[PDB]
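Student: One structure, pasted below without further comment.
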Amino acid sequence: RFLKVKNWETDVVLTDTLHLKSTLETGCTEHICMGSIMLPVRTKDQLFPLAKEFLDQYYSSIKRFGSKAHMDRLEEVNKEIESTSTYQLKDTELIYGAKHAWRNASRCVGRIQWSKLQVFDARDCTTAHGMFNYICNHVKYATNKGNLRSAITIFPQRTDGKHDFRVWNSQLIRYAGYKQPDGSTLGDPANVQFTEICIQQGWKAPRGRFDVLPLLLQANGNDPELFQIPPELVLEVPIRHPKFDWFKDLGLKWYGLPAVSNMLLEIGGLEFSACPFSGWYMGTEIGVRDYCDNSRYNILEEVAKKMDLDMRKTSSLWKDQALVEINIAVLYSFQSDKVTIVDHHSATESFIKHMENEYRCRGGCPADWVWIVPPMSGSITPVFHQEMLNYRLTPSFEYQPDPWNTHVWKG
Amino acid sequence: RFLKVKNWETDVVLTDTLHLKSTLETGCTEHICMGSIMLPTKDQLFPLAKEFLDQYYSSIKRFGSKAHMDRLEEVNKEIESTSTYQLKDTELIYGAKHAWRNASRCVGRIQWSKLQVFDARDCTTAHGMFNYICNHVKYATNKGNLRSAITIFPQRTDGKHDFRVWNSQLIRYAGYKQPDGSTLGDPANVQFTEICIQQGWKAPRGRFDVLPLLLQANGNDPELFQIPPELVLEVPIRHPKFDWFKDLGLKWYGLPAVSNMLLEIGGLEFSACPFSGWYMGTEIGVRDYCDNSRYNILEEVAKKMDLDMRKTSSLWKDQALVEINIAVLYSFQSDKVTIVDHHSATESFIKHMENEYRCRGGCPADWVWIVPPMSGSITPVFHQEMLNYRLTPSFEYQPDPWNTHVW
Ligand code: HEM
Ligand code: HEM
Ligand SMILES: C[C@H](O)[C@H](O)[C@H]1CNc2nc(N)[nH]c(=O)c2N1
Ligand SMILES: C[C@H](O)[C@H](O)[C@H]1CNc2nc(N)[nH]c(=O)c2N1
Ligand SMILES: CCSCC(=N)NCCC[C@H](N)C(=O)O
Ligand SMILES: CCSCC(=N)NCCC[C@H](N)C(=O)O
Ligand SMILES: [Zn+2]
């Protein structure tokens, strides 16, 4: 069964066969589309199919499908699962697995880079302090003094679900949020809850607008422990505008390294509950969302005021006009400081290229339109005009519940 | 089976129960989401009639009444005897208002109940259609204080006597492929323009030529008519601060009136049912003016503003996009022709969503279409989960007639 996607700017038609390899559900039925819904212990029995399917993919990719080495590996895993109920990935399989989770991440616009990923095998890790050292090295390697490099650190897999490694931070580097007695928020409102947890655990909050949160690290199902990332390892960029000299006086800055730390990596049925990964920002992530969401730093008003726009009526498009200048500022700042960043024209154009290549070479590219289209200027980016097919391939990055909701406290 | 939608900006959660009354299929499976694809007999008719009339009689709070049973019987007798049935005026108006109500791709639905329905089921010729259409245009334009309307021509019979408006909108600009190699006018209309010329239209060959209507009655060959020029309200585009903007020579029409869709009410098919509301500014400024395959004017505007077009990262496209849109709104407001900006329209739709959740148990909405093509996340709909499903009565796409019509 062939499926066709069309681009309404170019009339290019592509044909998807890869969707035939999807197994996981989408959330949609023949009767309902949930395309815009944000979030729509395994047995021996269920594990070996998942192992076998993964190893078959791995062996095809290395052109060793059906080989003695492929067959031995299958039997070895079968027998490992039979006697221990789980199995260990070879290093080569882990790397391949992590690259594929990224390749399959349908909400990621940066996927052209999927093949260049530094994998840090942290499976020998046993303690939170151990995790801290791994994460510091990941932060330093990936930051590379502004010349950012994609990387992922993979801590030991779930066993019985009572021994999970988890990073409680949603990103390795993020700013504290503080709810005040008067209902206002200081810092990042997205991070108030986790900030509170950090404080409760013993962190001494500076209580400013850009405090880098401590890492809250859980090893082997134990209670989590706090660590300050060395500040000299935390690369930040002060935000200024090329023509507006008052912009710097807003006091904005941002960190250079986006590193998602709250997701679950699934490879061959095995579950890697701590697997922080990082790439580099697309400018709109900061300038549109983190700065201009009403539930984030919400700076549209202050900027518009400083620009002396007509704010009496929405139809003067003041919000839209402030928005462009803020994003120009973010891109200008990062580039002036030689910290990697990609604008949304460049990133979406790169993605279209990657996506076509993927159709030719792989028979598809699952893509979530709702997520891939940038949150400003949607239709002047080629992705807006691009029909996409969204479906679930393994290996994959999954969401998982926040740990404070599930963790069994040891004391 | 009962479904939650969350707003991620406000944390308000609504519970959808309306999707269980869902009839048509979506394109999506449990395996694959097609949310971003643009186009994903007597025994058939009687359930469809029953379903609609049950909902109608429920709406005037007379469900299961004698008058309800009587009508079901009447319609049933009529279908068995004539293979079809006719809607009472009341059922037609309610059907039209509700097709708009169910239009999951329309952000303007807070207005759904204020709709003028012109019953044109007594029309028999293309000339009649032309008269009805002019009258719709004039009524809806209303010297710029636009008013929503639909004109409804006779329903499909044996499918060989369809009424069709061949135009995609009542009012559109022509598109011409030139010897040069470029396109003059609106590239989206190039093919339909050729059909006008081949049918006999005398094209003025300009950038903003209003197309002639190509009207088909009773399955006959379509015929050409020019809308009286004095009935087509248009707006010259100027910017409140860039005096040079006028020199681009841009204009647009005030009346957006979609003419190529099919209205389905209670299993009956109204294949000619032009309907109109009024524009959201981004439709013209972002899509019509800046789409690469439309008038594609970003480069020229950016050139006049003296932006650095050396690199994508100066956001010169984005800067010019905002200005082009400020000019559209400003020009329409200055001429007192109804227009709505994307902030105001999306805010309205959110209020409408809440109304429909609390009074109906849901509101089908297509997020891909609802979120404006500019500044998406600074409009509240961007943050609003939406469930998309298909309810009837409905507006539906249908194949262009030049592929269907046997001359
Ligand atoms: C190298 C440059 C990269 C760029 C420019 C990029 C771009 C993006 C953007 C803009 C998002 C959406 C962020 C949001 O809206 O919150 C995203 C999401 C995502 N990316 Fe990337 N990405 C890059 C690298 C990576 C890497 C290295 C991985 C993993 C190895 C990855 C996997 C993912 C996943 C799983 C998501 C979904 C996150 C979520 O759903 O919250 N990306 N990407
Ligand atoms: C009164 C003010 C109205 C506003 C502000 C409005 C807004 C919109 C917008 C922005 C779209 C998307 C159009 C596009 O992107 O091409 C749309 C589509 C649509 N609207 Fe409206 N609309 C209005 C009136 C109406 C009326 C009167 C009807 C029916 C009687 C209607 C039914 C529809 C339908 C069926 C679509 C989908 C058309 C398509 O798929 O191309 N709307 N509307
Ligand atoms: C409700 C809606 O799905 C939600 O706002 C989504 C829309 N698109 C997005 N796209 C990106 N890249 N990131 C997001 O957080 C979201 N949020
Ligand atoms: C492929 C994609 O569905 C297509 O570009 C859609 C996206 N969203 C849209 N939204 C609206 N309102 N109108 C459109 O024409 C489109 N086009
Ligand atoms: C970690 C791989 S994906 C890299 C990326 N470009 N975005 C990650 C999310 C960042 C978030 N939107 C923020 O603005 O903090
Ligand atoms: C007719 C009911 S919906 C009214 C509307 N606001 N738009 C309809 C489509 C117009 C198109 N997007 C254009 O830019 O011409
Ligand atoms: Zn779907």
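We name chains A, B, ... following the order of the structure tokens; residues begin at 1 in each chain, and ligands are numbered from 1 as shown.
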Apply DSSP to the structure's backbone, then extract all residues of region 125-167 of chain A labelled helix (DSSP H, G or I) and return them as number ranges by chain.
Tutor: A: 128-146
Student: Just N, CA and C atoms for this one: save the residues we selected as a PDB file, in the first residue's frame.
Tutor:
```
ATOM      1  N   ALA A 128      24.248   8.570  41.322  1.00  0.00           N
ATOM      2  CA  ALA A 128      23.867   9.915  40.942  1.00  0.00           C
ATOM      3  C   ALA A 128      25.093  10.768  40.709  1.00  0.00           C
ATOM      4  N   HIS A 129      26.065  10.637  41.603  1.00  0.00           N
ATOM      5  CA  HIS A 129      27.368  11.273  41.427  1.00  0.00           C
ATOM      6  C   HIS A 129      28.000  10.786  40.129  1.00  0.00           C
ATOM      7  N   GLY A 130      27.912   9.488  39.847  1.00  0.00           N
ATOM      8  CA  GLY A 130      28.363   8.985  38.548  1.00  0.00           C
ATOM      9  C   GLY A 130      27.630   9.694  37.409  1.00  0.00           C
ATOM     10  N   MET A 131      26.314   9.862  37.559  1.00  0.00           N
ATOM     11  CA  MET A 131      25.514  10.495  36.498  1.00  0.00           C
ATOM     12  C   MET A 131      25.966  11.940  36.304  1.00  0.00           C
ATOM     13  N   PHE A 132      26.253  12.631  37.413  1.00  0.00           N
ATOM     14  CA  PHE A 132      26.682  14.015  37.360  1.00  0.00           C
ATOM     15  C   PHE A 132      27.941  14.215  36.503  1.00  0.00           C
ATOM     16  N   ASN A 133      28.922  13.350  36.717  1.00  0.00           N
ATOM     17  CA  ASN A 133      30.143  13.404  35.953  1.00  0.00           C
ATOM     18  C   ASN A 133      29.895  13.149  34.468  1.00  0.00           C
ATOM     19  N   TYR A 134      29.030  12.178  34.156  1.00  0.00           N
ATOM     20  CA  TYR A 134      28.707  11.908  32.773  1.00  0.00           C
ATOM     21  C   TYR A 134      28.078  13.145  32.107  1.00  0.00           C
ATOM     22  N   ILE A 135      27.182  13.807  32.823  1.00  0.00           N
ATOM     23  CA  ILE A 135      26.424  14.913  32.289  1.00  0.00           C
ATOM     24  C   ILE A 135      27.297  16.168  32.101  1.00  0.00           C
ATOM     25  N   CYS A 136      28.165  16.428  33.066  1.00  0.00           N
ATOM     26  CA  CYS A 136      29.181  17.471  32.896  1.00  0.00           C
ATOM     27  C   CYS A 136      30.007  17.237  31.642  1.00  0.00           C
ATOM     28  N   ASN A 137      30.529  16.038  31.465  1.00  0.00           N
ATOM     29  CA  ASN A 137      31.293  15.733  30.228  1.00  0.00           C
ATOM     30  C   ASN A 137      30.482  15.878  28.942  1.00  0.00           C
ATOM     31  N   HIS A 138      29.209  15.489  28.979  1.00  0.00           N
ATOM     32  CA  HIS A 138      28.304  15.674  27.864  1.00  0.00           C
ATOM     33  C   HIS A 138      28.149  17.184  27.601  1.00  0.00           C
ATOM     34  N   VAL A 139      27.921  17.974  28.657  1.00  0.00           N
ATOM     35  CA  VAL A 139      27.687  19.413  28.485  1.00  0.00           C
ATOM     36  C   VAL A 139      28.912  20.054  27.859  1.00  0.00           C
ATOM     37  N   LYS A 140      30.088  19.698  28.369  1.00  0.00           N
ATOM     38  CA  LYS A 140      31.323  20.282  27.877  1.00  0.00           C
ATOM     39  C   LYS A 140      31.629  19.866  26.420  1.00  0.00           C
ATOM     40  N   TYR A 141      31.563  18.558  26.147  1.00  0.00           N
ATOM     41  CA  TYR A 141      31.754  18.073  24.774  1.00  0.00           C
ATOM     42  C   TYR A 141      30.784  18.752  23.791  1.00  0.00           C
ATOM     43  N   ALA A 142      29.509  18.822  24.153  1.00  0.00           N
ATOM     44  CA  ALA A 142      28.483  19.325  23.227  1.00  0.00           C
ATOM     45  C   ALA A 142      28.585  20.833  22.989  1.00  0.00           C
ATOM     46  N   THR A 143      28.931  21.568  24.047  1.00  0.00           N
ATOM     47  CA  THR A 143      29.104  23.013  23.968  1.00  0.00           C
ATOM     48  C   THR A 143      30.295  23.424  23.099  1.00  0.00           C
ATOM     49  N   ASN A 144      31.422  22.731  23.271  1.00  0.00           N
ATOM     50  CA  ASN A 144      32.583  22.908  22.404  1.00  0.00           C
ATOM     51  C   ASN A 144      32.867  24.419  22.133  1.00  0.00           C
ATOM     52  N   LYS A 145      32.739  25.234  23.182  1.00  0.00           N
ATOM     53  CA  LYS A 145      32.961  26.693  23.144  1.00  0.00           C
ATOM     54  C   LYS A 145      32.099  27.449  22.129  1.00  0.00           C
ATOM     55  N   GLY A 146      30.890  26.945  21.879  1.00  0.00           N
ATOM     56  CA  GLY A 146      29.967  27.583  20.937  1.00  0.00           C
ATOM     57  C   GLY A 146      29.796  26.839  19.618  1.00  0.00           C
TER      58      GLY A 146
END
```
Student: Residues near region 372-379 of chain A, anyone? I mean within 7 Å using only C-alpha atoms, not counting same-chain ones fewer than 2 positions away, as a ChimeraX atom specification.
Tutor: /A:107-109,288,344,368-370,381,383-385 /B:318,373-377
Student: Show me which residues are within 6 Å of ligand 3 counting only C-alpha atoms and all ligand atoms, and format the list as a PyMOL selection string.
Tutor: (chain A and resi 36-38+370-372) or (chain B and resi 382-385)
Student: Save out the residues we just selected, N, CA, C and O atoms, as a PDB file, in the first residue's frame.
Tutor:
```pdb
ATOM      1  N   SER A  36      -3.408  17.214  16.620  1.00  0.00           N
ATOM      2  CA  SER A  36      -3.016  18.374  17.471  1.00  0.00           C
ATOM      3  C   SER A  36      -2.991  18.151  19.003  1.00  0.00           C
ATOM      4  O   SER A  36      -2.752  19.088  19.759  1.00  0.00           O
ATOM      5  N   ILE A  37      -3.220  16.919  19.451  1.00  0.00           N
ATOM      6  CA  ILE A  37      -3.103  16.585  20.874  1.00  0.00           C
ATOM      7  C   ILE A  37      -1.627  16.395  21.225  1.00  0.00           C
ATOM      8  O   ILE A  37      -0.915  15.635  20.552  1.00  0.00           O
ATOM      9  N   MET A  38      -1.185  17.107  22.263  1.00  0.00           N
ATOM     10  CA  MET A  38       0.223  17.137  22.705  1.00  0.00           C
ATOM     11  C   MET A  38       0.755  15.758  23.110  1.00  0.00           C
ATOM     12  O   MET A  38       1.855  15.394  22.700  1.00  0.00           O
ATOM     13  N   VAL A 370       2.300  19.764  12.771  1.00  0.00           N
ATOM     14  CA  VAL A 370       1.903  20.673  13.830  1.00  0.00           C
ATOM     15  C   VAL A 370       3.173  21.116  14.560  1.00  0.00           C
ATOM     16  O   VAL A 370       3.315  22.286  14.947  1.00  0.00           O
ATOM     17  N   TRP A 371       4.117  20.182  14.708  1.00  0.00           N
ATOM     18  CA  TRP A 371       5.356  20.501  15.366  1.00  0.00           C
ATOM     19  C   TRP A 371       6.437  21.052  14.464  1.00  0.00           C
ATOM     20  O   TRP A 371       7.263  21.798  14.941  1.00  0.00           O
ATOM     21  N   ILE A 372       6.452  20.656  13.189  1.00  0.00           N
ATOM     22  CA  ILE A 372       7.538  20.994  12.259  1.00  0.00           C
ATOM     23  C   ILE A 372       7.443  22.435  11.758  1.00  0.00           C
ATOM     24  O   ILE A 372       8.460  23.101  11.590  1.00  0.00           O
TER      25      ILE A 372
ATOM     26  N   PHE B 382      -3.055  28.438  18.650  1.00  0.00           N
ATOM     27  CA  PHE B 382      -1.836  27.636  18.531  1.00  0.00           C
ATOM     28  C   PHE B 382      -1.686  26.719  19.737  1.00  0.00           C
ATOM     29  O   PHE B 382      -1.225  25.576  19.599  1.00  0.00           O
ATOM     30  N   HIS B 383      -2.093  27.222  20.908  1.00  0.00           N
ATOM     31  CA  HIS B 383      -1.907  26.502  22.182  1.00  0.00           C
ATOM     32  C   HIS B 383      -3.071  25.616  22.559  1.00  0.00           C
ATOM     33  O   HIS B 383      -3.055  24.957  23.606  1.00  0.00           O
ATOM     34  N   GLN B 384      -4.067  25.572  21.685  1.00  0.00           N
ATOM     35  CA  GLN B 384      -5.324  24.932  21.984  1.00  0.00           C
ATOM     36  C   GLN B 384      -5.407  23.602  21.249  1.00  0.00           C
ATOM     37  O   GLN B 384      -5.495  23.573  20.022  1.00  0.00           O
ATOM     38  N   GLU B 385      -5.398  22.504  21.986  1.00  0.00           N
ATOM     39  CA  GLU B 385      -5.681  21.201  21.379  1.00  0.00           C
ATOM     40  C   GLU B 385      -7.069  21.222  20.716  1.00  0.00           C
ATOM     41  O   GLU B 385      -8.030  21.797  21.239  1.00  0.00           O
TER      42      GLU B 385
END
```
Student: Restricting the calculation to only C-alpha atoms and all ligand atoms, which member of A:8, A:102, A:246, A:178 is positioned closest to ligand 5?
Tutor: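 Among A:8, A:102, A:246, A:178, it is A:102 that comes nearest to ligand 5.
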Student: Residues of chain A within 6 Å of chain B, using only C-alpha atoms, as a CSV table (one decimal) with C-alpha atoms, in the first residue's frame?
Tutor:
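Heads up, here's the output in iface_15.csv:
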```csv
chain,number,residue,atom,x,y,z
A,9,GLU,CA,4.0,25.2,-3.7
A,25,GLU,CA,-0.6,3.6,17.5
A,26,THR,CA,-1.0,7.3,16.7
A,28,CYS,CA,-6.2,8.8,15.7
A,29,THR,CA,-9.0,6.6,14.5
A,30,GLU,CA,-10.9,6.4,11.2
A,31,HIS,CA,-13.4,8.7,13.0
A,32,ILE,CA,-11.2,11.2,14.9
A,33,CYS,CA,-7.9,13.0,14.3
A,34,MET,CA,-5.8,13.8,17.3
A,35,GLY,CA,-3.0,15.3,15.2
A,36,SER,CA,-3.0,18.4,17.5
A,37,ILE,CA,-3.1,16.6,20.9
A,295,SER,CA,3.0,31.5,29.9
A,315,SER,CA,-4.9,45.3,14.0
A,343,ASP,CA,17.0,30.4,11.6
A,375,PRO,CA,5.5,29.2,15.5
A,376,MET,CA,6.1,32.4,13.5
A,377,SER,CA,5.8,33.1,9.7
A,378,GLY,CA,4.4,29.7,9.1
A,379,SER,CA,3.6,29.9,5.4
A,387,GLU,CA,1.9,17.5,3.2
A,388,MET,CA,3.3,15.1,5.8
A,389,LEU,CA,2.6,11.6,7.1
A,390,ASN,CA,2.9,11.0,10.8
A,391,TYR,CA,3.5,7.6,12.3
```
Student: Around ligand 5, which protein and nucleic acid residues have at least one atom no more than 8 Å from it, if we count only C-alpha atoms and all ligand atoms? List them as a list in words.
Tutor: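 The residues within 8 Å of ligand 5, counting only C-alpha atoms and all ligand atoms, are residues 108, 110, 150, 171, 174, 258, 259, 260, 261, 276, 277, 278, 279, 280, 281, 282, 285, 286, 289 and 290 of chain A.
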Student: Please produce a file of the residues just selected, as a PDB file, in the first residue's frame, where the atoms kept are N, CA, C and O atoms.
Tutor:
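New file result_5.pdb:
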```
ATOM      1  N   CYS A 108      10.870  16.457  15.221  1.00  0.00           N
ATOM      2  CA  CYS A 108      12.161  17.129  15.086  1.00  0.00           C
ATOM      3  C   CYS A 108      12.472  17.600  13.666  1.00  0.00           C
ATOM      4  O   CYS A 108      12.563  16.798  12.718  1.00  0.00           O
ATOM      5  N   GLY A 110      15.286  19.175  12.918  1.00  0.00           N
ATOM      6  CA  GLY A 110      16.717  19.101  12.705  1.00  0.00           C
ATOM      7  C   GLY A 110      17.233  17.769  12.169  1.00  0.00           C
ATOM      8  O   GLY A 110      18.436  17.519  12.179  1.00  0.00           O
ATOM      9  N   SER A 150      26.001  17.648  18.402  1.00  0.00           N
ATOM     10  CA  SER A 150      24.930  16.777  18.889  1.00  0.00           C
ATOM     11  C   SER A 150      25.489  15.631  19.691  1.00  0.00           C
ATOM     12  O   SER A 150      26.478  14.991  19.297  1.00  0.00           O
ATOM     13  N   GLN A 171      15.251  19.679  31.027  1.00  0.00           N
ATOM     14  CA  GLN A 171      16.426  19.888  30.178  1.00  0.00           C
ATOM     15  C   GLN A 171      17.633  20.045  31.106  1.00  0.00           C
ATOM     16  O   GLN A 171      17.479  20.567  32.230  1.00  0.00           O
ATOM     17  N   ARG A 174      18.324  24.793  32.204  1.00  0.00           N
ATOM     18  CA  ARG A 174      17.076  25.525  32.139  1.00  0.00           C
ATOM     19  C   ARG A 174      17.058  26.508  33.289  1.00  0.00           C
ATOM     20  O   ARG A 174      17.768  26.297  34.256  1.00  0.00           O
ATOM     21  N   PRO A 258      20.518  23.419  24.020  1.00  0.00           N
ATOM     22  CA  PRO A 258      19.232  22.788  24.326  1.00  0.00           C
ATOM     23  C   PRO A 258      19.444  21.283  24.503  1.00  0.00           C
ATOM     24  O   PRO A 258      19.874  20.619  23.576  1.00  0.00           O
ATOM     25  N   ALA A 259      19.164  20.756  25.687  1.00  0.00           N
ATOM     26  CA  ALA A 259      19.402  19.341  25.961  1.00  0.00           C
ATOM     27  C   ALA A 259      18.208  18.693  26.668  1.00  0.00           C
ATOM     28  O   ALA A 259      18.051  18.831  27.893  1.00  0.00           O
ATOM     29  N   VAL A 260      17.388  17.969  25.911  1.00  0.00           N
ATOM     30  CA  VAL A 260      16.171  17.354  26.484  1.00  0.00           C
ATOM     31  C   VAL A 260      16.582  16.174  27.327  1.00  0.00           C
ATOM     32  O   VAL A 260      17.312  15.329  26.867  1.00  0.00           O
ATOM     33  N   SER A 261      16.145  16.142  28.581  1.00  0.00           N
ATOM     34  CA  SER A 261      16.585  15.123  29.508  1.00  0.00           C
ATOM     35  C   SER A 261      15.477  14.240  30.110  1.00  0.00           C
ATOM     36  O   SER A 261      15.800  13.298  30.858  1.00  0.00           O
ATOM     37  N   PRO A 276      19.667  11.828  28.192  1.00  0.00           N
ATOM     38  CA  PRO A 276      19.689  13.214  27.784  1.00  0.00           C
ATOM     39  C   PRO A 276      20.398  13.411  26.449  1.00  0.00           C
ATOM     40  O   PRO A 276      21.460  12.827  26.213  1.00  0.00           O
ATOM     41  N   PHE A 277      19.782  14.212  25.574  1.00  0.00           N
ATOM     42  CA  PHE A 277      20.365  14.495  24.258  1.00  0.00           C
ATOM     43  C   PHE A 277      20.249  15.986  23.963  1.00  0.00           C
ATOM     44  O   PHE A 277      19.379  16.687  24.497  1.00  0.00           O
ATOM     45  N   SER A 278      21.131  16.459  23.112  1.00  0.00           N
ATOM     46  CA  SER A 278      21.234  17.853  22.857  1.00  0.00           C
ATOM     47  C   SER A 278      21.619  18.052  21.390  1.00  0.00           C
ATOM     48  O   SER A 278      22.268  17.207  20.776  1.00  0.00           O
ATOM     49  N   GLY A 279      21.189  19.167  20.832  1.00  0.00           N
ATOM     50  CA  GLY A 279      21.610  19.571  19.497  1.00  0.00           C
ATOM     51  C   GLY A 279      21.992  21.035  19.562  1.00  0.00           C
ATOM     52  O   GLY A 279      22.916  21.399  20.288  1.00  0.00           O
ATOM     53  N   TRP A 280      21.309  21.867  18.784  1.00  0.00           N
ATOM     54  CA  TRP A 280      21.438  23.327  18.875  1.00  0.00           C
ATOM     55  C   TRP A 280      20.093  23.976  18.543  1.00  0.00           C
ATOM     56  O   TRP A 280      19.226  23.363  17.908  1.00  0.00           O
ATOM     57  N   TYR A 281      19.913  25.214  18.988  1.00  0.00           N
ATOM     58  CA  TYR A 281      18.634  25.871  18.833  1.00  0.00           C
ATOM     59  C   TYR A 281      18.304  26.308  17.415  1.00  0.00           C
ATOM     60  O   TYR A 281      19.190  26.725  16.651  1.00  0.00           O
ATOM     61  N   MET A 282      17.010  26.246  17.095  1.00  0.00           N
ATOM     62  CA  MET A 282      16.412  27.084  16.067  1.00  0.00           C
ATOM     63  C   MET A 282      15.912  28.359  16.762  1.00  0.00           C
ATOM     64  O   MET A 282      15.279  28.293  17.843  1.00  0.00           O
ATOM     65  N   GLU A 285      12.590  28.956  18.757  1.00  0.00           N
ATOM     66  CA  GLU A 285      12.410  28.322  20.050  1.00  0.00           C
ATOM     67  C   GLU A 285      12.602  29.346  21.182  1.00  0.00           C
ATOM     68  O   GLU A 285      11.786  29.399  22.095  1.00  0.00           O
ATOM     69  N   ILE A 286      13.650  30.177  21.093  1.00  0.00           N
ATOM     70  CA  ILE A 286      13.876  31.197  22.102  1.00  0.00           C
ATOM     71  C   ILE A 286      13.023  32.455  21.867  1.00  0.00           C
ATOM     72  O   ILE A 286      12.231  32.857  22.737  1.00  0.00           O
ATOM     73  N   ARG A 289       8.733  31.304  21.227  1.00  0.00           N
ATOM     74  CA  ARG A 289       8.159  30.562  22.356  1.00  0.00           C
ATOM     75  C   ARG A 289       8.688  30.981  23.741  1.00  0.00           C
ATOM     76  O   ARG A 289       7.905  31.421  24.572  1.00  0.00           O
ATOM     77  N   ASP A 290       9.985  30.831  24.012  1.00  0.00           N
ATOM     78  CA  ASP A 290      10.444  31.046  25.398  1.00  0.00           C
ATOM     79  C   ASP A 290      10.304  32.506  25.855  1.00  0.00           C
ATOM     80  O   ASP A 290      10.009  32.759  27.025  1.00  0.00           O
TER      81      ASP A 290
END
```
Student: Which chain B residues have any atom within 7 Å of an atom of ligand 6, and for each, what is the nearest pair of atoms with distance in Å to one decimal, counting only C-alpha atoms and all ligand atoms, rows sorted by chain and number, as JSON lines?
Tutor:
```
{"residue": "B:106", "atom": "CA", "partner": "ligand 6", "partner_atom_place_in_ligand_line": "3 (S)", "distance": 6.6}
{"residue": "B:256", "atom": "CA", "partner": "ligand 6", "partner_atom_place_in_ligand_line": "10 (C)", "distance": 5.0}
{"residue": "B:257", "atom": "CA", "partner": "ligand 6", "partner_atom_place_in_ligand_line": "1 (C)", "distance": 4.2}
{"residue": "B:258", "atom": "CA", "partner": "ligand 6", "partner_atom_place_in_ligand_line": "1 (C)", "distance": 4.4}
{"residue": "B:275", "atom": "CA", "partner": "ligand 6", "partner_atom_place_in_ligand_line": "1 (C)", "distance": 5.2}
{"residue": "B:276", "atom": "CA", "partner": "ligand 6", "partner_atom_place_in_ligand_line": "1 (C)", "distance": 3.9}
{"residue": "B:277", "atom": "CA", "partner": "ligand 6", "partner_atom_place_in_ligand_line": "4 (C)", "distance": 4.6}
{"residue": "B:278", "atom": "CA", "partner": "ligand 6", "partner_atom_place_in_ligand_line": "6 (N)", "distance": 4.8}
{"residue": "B:279", "atom": "CA", "partner": "ligand 6", "partner_atom_place_in_ligand_line": "6 (N)", "distance": 3.8}
{"residue": "B:280", "atom": "CA", "partner": "ligand 6", "partner_atom_place_in_ligand_line": "6 (N)", "distance": 5.3}
{"residue": "B:283", "atom": "CA", "partner": "ligand 6", "partner_atom_place_in_ligand_line": "14 (O)", "distance": 4.1}
{"residue": "B:284", "atom": "CA", "partner": "ligand 6", "partner_atom_place_in_ligand_line": "14 (O)", "distance": 4.8}
{"residue": "B:287", "atom": "CA", "partner": "ligand 6", "partner_atom_place_in_ligand_line": "14 (O)", "distance": 6.6}
{"residue": "B:288", "atom": "CA", "partner": "ligand 6", "partner_atom_place_in_ligand_line": "14 (O)", "distance": 5.6}
```
Student: Could you dump the residues just selected with C-alpha atoms as a PDB file, in the first residue's frame?
Tutor:
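Printed below is part27.pdb as written:
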```
ATOM      1  CA  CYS B 106     -13.315  27.716   9.438  1.00  0.00           C
ATOM      2  CA  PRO B 256     -14.522  36.168  -0.182  1.00  0.00           C
ATOM      3  CA  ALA B 257     -17.180  33.846  -1.567  1.00  0.00           C
ATOM      4  CA  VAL B 258     -16.348  30.153  -1.980  1.00  0.00           C
ATOM      5  CA  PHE B 275     -21.287  31.147   0.281  1.00  0.00           C
ATOM      6  CA  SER B 276     -19.489  34.208   1.575  1.00  0.00           C
ATOM      7  CA  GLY B 277     -18.330  35.826   4.769  1.00  0.00           C
ATOM      8  CA  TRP B 278     -15.481  38.283   5.107  1.00  0.00           C
ATOM      9  CA  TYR B 279     -11.737  38.094   5.030  1.00  0.00           C
ATOM     10  CA  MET B 280      -9.227  37.508   7.761  1.00  0.00           C
ATOM     11  CA  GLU B 283      -5.578  35.330   3.821  1.00  0.00           C
ATOM     12  CA  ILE B 284      -4.696  38.183   1.479  1.00  0.00           C
ATOM     13  CA  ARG B 287      -1.162  33.715   1.452  1.00  0.00           C
ATOM     14  CA  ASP B 288      -2.497  35.604  -1.579  1.00  0.00           C
TER      15      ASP B 288
END
```
Student: Using only C-alpha atoms, determine which residues lie at most 10 Å from region 304-313 of chain A, disregarding the query and same-chain residues fewer than 5 positions distant; provide the list as number ranges by chain.
Tutor: A: 244, 246-247, 250, 299, 318-323, 325-326; B: 344
Student: If we count only C-alpha atoms and set the cut-off at 9 Å, which residues sit around residue 101 (chain B), ignoring sequence neighbours fewer than 3 positions away in its own chain? Please answer as a PyMOL selection string.
Tutor: chain B and resi 96-98+104+106+109-113+363-364+393-394
Student: What is the CA of residue 115 (chain A)-atom 26 (C, counted along the ligand's line) of ligand 1 distance in Å, reported with one decimal?
Tutor: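 That distance, rounded to one decimal, is 10.1 Å.
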Student: Pick out the residues sitting within 9 Å of residue 301 (chain B), and hand them over as a ChimeraX atom specification; count only C-alpha atoms, and ignore anything fewer than 2 positions along from it in its own chain.
Tutor: /B:245,248,297-299,303-306,320-321,323-324
